[PDB]
Each structure stands twice: as structure tokens, then as C-alpha cells.
Amino acid sequence: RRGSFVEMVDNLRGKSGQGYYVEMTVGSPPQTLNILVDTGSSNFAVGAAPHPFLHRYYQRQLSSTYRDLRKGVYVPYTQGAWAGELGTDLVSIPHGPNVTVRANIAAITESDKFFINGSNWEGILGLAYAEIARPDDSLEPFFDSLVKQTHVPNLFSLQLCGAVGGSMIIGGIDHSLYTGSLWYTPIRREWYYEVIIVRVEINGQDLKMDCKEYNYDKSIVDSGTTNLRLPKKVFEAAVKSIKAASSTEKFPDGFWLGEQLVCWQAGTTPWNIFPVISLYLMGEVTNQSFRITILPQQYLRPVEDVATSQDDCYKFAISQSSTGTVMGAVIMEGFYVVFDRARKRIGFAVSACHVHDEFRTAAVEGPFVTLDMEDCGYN
Ligand SMILES: C[C@@H](NC(=O)c1cc(C(=O)N[C@@H](Cc2ccccc2)[C@H](O)CNC2CC2)cc(N(C)S(C)(=O)=O)c1)c1ccccc1
């Protein structure tokens with residue numbers, strides 16, 4: 001009910017589905033930039049040279065506290081890549097914790113399909129662990145520096161509100177950002193925020209696949225990835241079930257592949273014809289699990305309107321992956337997600353801002369009895 005972390009509420013913004021960003025100030029004197037919050041990587045990097053899609057960038061020569069590490073860095077993502085130069089400088093988050101730390105910072109001088117036109121962000125904050133940092137795990141990630149240099153608790157939480165804003169509470173949890181209880185799943189290993197999915201249902205119907213398939217390779221929580229990405233075999237079965245569940249209206253095959261869009265007269269989108277999707281996650285007690293359920297409002301994403309027209313176009317945001325399951329924004333937008341690094345667990349609760357209608361709502365329910373969950377993980 002109360003809120004000691006009130007100043008961190010609503011500290012995230014977004015340019016209509018182009019990424020959620022927080023303001024970060026680097027150097028001396030102060031240089032504030034919009035930084036994308038990414039739990040799917042571990043490097044803190046900022047544009048440091050002009051670029052057509054950047055309104056501003058980091059000017060190292062103007063920062064008296066900047067220290068060049070004399071080493072380059074290259075970071076390739078599922079989408080895009082950039083090259084830069086490593087260094088360290090003072091960093092603070094205006095609408096985040098009341099501290100200032102010296103952190104590693106990669107100055108991006110060149111990039112390919114990384115920055116997004118009109119997104120309004122100029123850098124990225126990799127919140128994952130050192131194991132996946134580039135060039136190697138010796139480059140301490142921003143959050144590791146924050147925790148080592150200050151007394152800020154080793155935990156952060158994200159409330160991503162879709163359609164653009166949200167909140168990144170650093171060092172704690174804010175109760176006004178969620179309703180109901182928080183359910184926790186173990187962080188299986190500290191590299192990506194890896195978790196274990198034990199069951200999948202479409203409108204209450206079990207997909208009936210060996211749970212090993214759901215985590216083949218791995219399953220992670222990634223705020224830097226837009227879609228809910230599933231391994232090939234899982235994607236195919238999911239689409240077949242979703243199509244069967246939404247048979248009231250037929251769509252072209254390309255729609256389910258994200259190649260085609262479907263638009264409806266403003267305010268006439270028949271959400272009711274689309275099914276809800278439930279992912280069951282391993283719990284904190286033996287043989288116990290819980291489930292998170294999303295609505296079509298989460299997996300059917302709006303596409304930048306033509307020009308304030310009377311047509312709402314949507315893209316099916318569930319796609320395939322060859323590197324495991326990626327629970328991106330499609331999943332996160334329906335919940336308040338707690339990255340409890342201190343206790344190696346991730347909590348989920350219904351978000352106070354998730355988009356829904358008068359008939360159905362996103363949900364987090366439990367507990368359920370699921371046996372042999374340990375075997376679901378890939379070795
Ligand atoms: C920013 C934007 N992301 C995107 O548009 C977007 C970004 C990525 C992507 O590679 N994200 C990067 C960081 C990263 C961040 C910004 C730019 C480049 C790379 C992230 O570290 C990857 N984590 C890897 C472990 C999976 C991947 C995809 N997909 C493949 S998809 C189409 O299936 O969703 C889309 C977005 C939009 C709305 C909500 C959240 C994110």
C-alpha cells in the first residue's frame with residue numbers, strides 16, 4: 001500500500017513498442033542519456049558518436065572522470081550488433097537509487113541494425129550476469145558494480161506497461177505495481193536469467209509435449225527481446241493449438257509467422273476469439289509449480305499506426321528460436337517481475353498496468369503438483 005520507492009515509479013518510457021528505457025547520467029559534468037533496460041545481456045554501452053537514429057550521444061572528451069581501458073569490445077545480439085571502446089566513468093540513475101558508482105562503459109562508435117529509428121533510446125543496460133559479458137566474464141556488469149560499491153540490495157524489479165511506460169525499482173519491490181501474490185521460480189544458473197518451464201497450456205489445454213522440449217538448450221527472461229520465442233517443435237505445436245482455438249475467424253498462414261498483419265476497425269478487435277496462454281514454472285518447493293497466463297492483448301502487438309487512422313493493425317508476437325525459449329516483453333508486460341538475485345529466484349505477480357478487457361485478465365496462479373520437474377532442464 002505504501003511506497004518508500006515512490007520516486008522510482010514510472011521511471012521507464014517507450015516509443016510505442018520499441019523498447020523500454022531509463023535515464024542514466026554519466027561522466028562529469030553530467031551527460032544524461034536514455035538507456036534500454038535489457039535483462040538478456042550483460043554489457044552497459046552507450047552511443048558515443050553521431051548516428052541518424054540518435055538525438056544525442058556520450059562525449060568522452062567532455063568527461064573529466066572518464067578512464068580509457070585501452071581495449072575494444074564487440075557485442076552481437078539476436079538482432080543487431082555494435083563495436084565500441086571500453087572505459088569506466090561515474091554513473092548515476094536520476095530516477096533510480098540515490099548513489100553514484102564507477103562502472104565499465106562501452107562507448108559505441110559503430111553499429112549495425114542495433115539502434116531503432118524513433119525509439120528515443122541511445123544505449124543499453126545489460127542486467128544479466130558476468131558469465132555472458134563481452135569480451136569475457138572479467139568485465140564486471142553494471143549491477144555487480146552497483147552492489148559491490150554501495151549498500152543497495154542485490155535485487156531489482158520491472159513493470160513493463162504495454163499498449164508506453166513502466167517502472168524499474170532498484171534495491172526493492174513496490175506494492176503499488178502489482179496485485180495478488182508474488183510467485184517465485186528458481187534462477188537455474190547465473191548467466192542469463194535462466195528458468196525452467198514444466199508445462200504449457202492453450203486455453204486450459206495441455207500442449208502435451210515432453211517438458212524437455214520447452215527448455216531445450218534453455219529458457220530465459222529477457223526484457224530486451226520483444227516476442228515470446230519458442231523452440232521450433234514447440235512453436236509449431238503452439239500455433240496449431242492457437243489456430244484451433246481461434247477458429248471463429250481464419251487468418252492467412254503468414255499471420256502466424258509474423259509475415260502478415262491483420263487490422264481491425266478502431267476498438268473492434270475481437271480479443272474474445274483468441275485463447276489465453278499459460279506457462280507453468282518450477283516452484284521453490286519440491287514437486288510444486290505455478291503458472292502465469294497471458295492474454296491475446298499481450299501476444300498480439302500493435303504496429304505503429306499509419307497516422308492516427310481508424311484501423312488497429314496487429315502482429316502475432318510469438319515466434320521461433322533455435323537457442324531456447326525467450327520470455328520477452330510479450331510475457332513481461334502482463335506482470336511485475338522481480339529479479340531477486342540475492343536469493344537466486346525470479347518472482348511474478350499480476351501487473352497493476354497490464355492491458356486487458358472486461359472478460360479476462362492476466363494471471364499468476366498456484367500451487368500445482370508437478371512431478372519430475374528437475375528432468376525438464378537441459379544438460
Ligand atoms: C528494443 C526492442 N527489441 C527488439 O525489437 C528485439 C530485440 C532482440 C534482441 O536480440 N535483444 C537483445 C538486446 C537488443 C536490444 C535493442 C536492440 C537490439 C538488441 C537481447 O539482449 C537478446 N538476449 C538474447 C538472449 C536472447 C531480439 C528480437 N527478436 C528476435 S524478436 C522479433 O523475436 O522479438 C527483437 C524491444 C521492443 C519492445 C519491448 C522490448 C524490446
Side-chain angles (χ1 to χ4, degrees), residues 12-22 34-47 51 53-54 74-84 106 108 111-129 131-134 141-142 158-166 168 189-195 215 217-232 234-235 238 256-259 261 298-304 314-335 337 354-355:
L12 296 186
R13 295 200 299 166
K15 275 285 187 176
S16 185
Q18 294 180 301
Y20 294 84
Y21 60 81
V22 65
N34 288 160
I35 308 298
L36 181 88
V37 172
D38 181 25
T39 68
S41 71
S42 307
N43 283 79
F44 174 35
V46 302
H51 186 284
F53 300 163
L54 297 182
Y74 178 82
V75 181
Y77 300 93
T78 310
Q79 175 181 110
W82 56 254
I108 301 179
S111 61
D112 174 42
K113 298 185 176 188
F114 179 62
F115 296 117
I116 299 175
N117 194 194
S119 67
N120 205 41
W121 51 264
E122 302 113 3
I124 182 166
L125 181 61
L127 291 164
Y129 305 92
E131 197 182 310
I132 59 175
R134 309 275 183 170
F142 179 80
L158 294 170
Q159 178 198 52
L160 309 182
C161 307
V164 179
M168 173 168 74
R189 197 222 300 186
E190 298 159 303
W191 55 324
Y192 284 103
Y193 282 101
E194 183 182 6
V195 298
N215 313 288
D217 181 283
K218 62 182 180 295
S219 290
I220 67 175
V221 182
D222 183 0
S223 71
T225 291
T226 309
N227 300 358
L228 161 54
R229 307 184 65 223
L230 303 167
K232 180 60 172 183
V234 182
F235 174 76
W256 305 111
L257 302 172
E259 295 164 353
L261 307 179
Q298 271 79 267
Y299 65 76
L300 295 188
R301 298 175 59 83
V303 175
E304 199 293 299
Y314 300 88
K315 175 190 174 186
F316 181 64
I318 296 182
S319 55
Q320 64 168 47
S321 163
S322 64
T323 59
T325 292
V326 179
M327 297 163 72
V330 165
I331 293 297
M332 295 185 69
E333 287 178 1
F335 319 95
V337 187
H354 82 287
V355 176

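When a residue number appears, it is its place in the shown sequence, counting from 1. The figures here come from the full heavy-atom set of this structure, side chains too, leaving out hydrogens, waters and symmetry mates. Counting starts at 1 for both ligands and their atoms, in listed order.
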With heavy atoms and a 4.0 Å threshold, my read on which part of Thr226 contacts ligand 1 is both
How does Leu160 reach ligand 1, by side chain, by backbone, by both or by neither, if only non-hydrogen atoms under 4.0 Å count?
neither
Could you list the atoms of ligand 1 found under 4.0 angstrom from a heavy atom of [X]?
X: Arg229; result: 30 (C), 33 (O)
X: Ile220; result: 25 (C), 26 (C)
X: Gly17; result: 37 (C), 38 (C)
X: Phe114; result: 17 (C), 18 (C), 19 (C)
X: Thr78; result: 10 (O), 24 (C), 26 (C), 30 (C)
X: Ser319; result: 33 (O)
X: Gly40; result: 21 (O), 23 (N), 24 (C), 25 (C)
X: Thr225; result: 8 (C), 9 (C), 11 (N), 22 (C), 27 (C), 34 (O)

Between [X] and [Y] (side chain of the first, backbone of the second, donor and acceptor by atom type, cut-off under 3.5 Å), is there such a pair?
X: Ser319; Y: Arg229; value: no
X: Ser42; Y: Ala128; value: yes
X: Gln298; Y: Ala317; value: no
X: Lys232; Y: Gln320; value: no

Nearest-contact summary for [atom] - protein heavy atom, Å:
atom: atom 7 (C) of ligand 1; answer: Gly224 O, 3.1 Å
atom: atom 18 (C) of ligand 1; answer: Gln79 O, 3.1 Å
atom: atom 23 (N) of ligand 1; answer: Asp222 OD2, 2.7 Å
atom: atom 12 (C) of ligand 1; answer: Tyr77 CD2, 3.7 Å
atom: atom 13 (C) of ligand 1; answer: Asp38 OD2, 3.4 Å
atom: atom 1 (C) of ligand 1; answer: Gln18 O, 3.5 Å
atom: atom 32 (C) of ligand 1; answer: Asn227 ND2, 3.7 Å
atom: atom 15 (C) of ligand 1; answer: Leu36 CD2, 3.2 Å

Smallest separation among heavy atoms of [X] and [Y], with atom names:
X: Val221; Y: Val195; result: CG2-CG1, 4.2 Å
X: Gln18; Y: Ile116; result: NE2-CG2, 3.5 Å
X: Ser41; Y: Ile124; result: OG-CD1, 4.2 Å

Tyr193 and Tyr129 aromatic centres sub-6.0 Å
yes
Going by side chain to side chain contact (heavy atoms under 4.5 Å, CB included), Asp38 matches just one of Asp222, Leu125, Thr225. Which one?
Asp222
Kindly indicate, with the supporting measurements, whether the criterion salt bridge (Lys or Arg N to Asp or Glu O under 4.0 Å) is fulfilled by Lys315 and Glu259.
CA-CA 8 Å; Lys315 175 190 174 186; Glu259 295 164 353; over 6 Å; no
Could a heavy atom of [X] be found less than 4.0 Å from some atom of ligand 1?
X: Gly80; result: no
X: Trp121; result: yes
X: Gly328; result: no
X: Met332; result: no
X: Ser223; result: yes

Report the distance from atom OG of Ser322 to atom CZ of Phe235, rounding to the nearest 0.5 Å.
13.5 Å
CD1 of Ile220 to OG1 of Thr325, rounded to nearest 0.5 Å, is 9.5 Å
Distance-only donor-acceptor check, side chains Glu333 and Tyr20, under 3.5 Å
yes
Aromatic rings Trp121 and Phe114: how do their planes relate, parallel, tilted or perpendicular, breaks at 30° and 60°?
perpendicular
